[PDB]
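**Student:** Below you'll find the structure I mean.
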Amino acid sequence: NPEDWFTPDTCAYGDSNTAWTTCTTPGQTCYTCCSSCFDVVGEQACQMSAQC
């Protein structure tokens, strides 16, 4: 869970769940959002997770 990661202070989504989830979806900034919805773990974790 992106509880220790994910920064809702610098992302549209204020939730780490919906954020990660909404991040792990088909779009234009699927892997780019992670770079704007995480720090290092959230991004590095969303990086591999992100199936885009």
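Here's how to read the names in the structure tokens: chain A, B, ... by the order shown, residue numbers from 1 in each chain, ligand numbers from 1 in the order shown.
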Report as a short mmCIF file (atom, residue, chain, number, x, y, z; two decimals) with C-alpha atoms, in the first residue's frame all protein, DNA and RNA residues lying within 10 Å of region 8-21 of chain A, evaluated on only C-alpha atoms, omitting residues in the same chain fewer than 4 positions from it.

**Tutor:**
data_model
loop_
_atom_site.label_atom_id
_atom_site.label_comp_id
_atom_site.auth_asym_id
_atom_site.auth_seq_id
_atom_site.Cartn_x
_atom_site.Cartn_y
_atom_site.Cartn_z
CA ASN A 1 0.00 0.00 0.00
CA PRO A 2 1.28 3.45 -1.00
CA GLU A 3 0.80 4.58 2.58
CA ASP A 4 4.46 5.22 3.29
CA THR A 25 -4.40 2.56 -15.68
CA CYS A 30 0.04 6.52 -16.50
CA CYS A 33 1.55 10.38 -12.80
CA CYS A 34 3.58 8.05 -10.61
CA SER A 35 6.34 10.60 -11.04
CA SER A 36 3.86 13.13 -9.71
CA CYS A 37 1.98 10.96 -7.24
CA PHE A 38 4.94 9.45 -5.42
CA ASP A 39 8.38 10.14 -4.01
CA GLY A 42 5.71 5.14 -4.66
CA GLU A 43 7.25 5.93 -8.03
CA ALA A 45 6.90 0.84 -6.87
CA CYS A 46 4.43 2.26 -9.35
CA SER A 49 3.49 -1.96 -11.17
CA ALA A 50 2.45 0.53 -13.83
#

**Student:** Go through chain A and collect every residue that DSSP, computed from the backbone, puts in alpha helix (DSSP H); the answer should be as number ranges by chain.

**Tutor:** A: 16-23, 30-33, 41-49
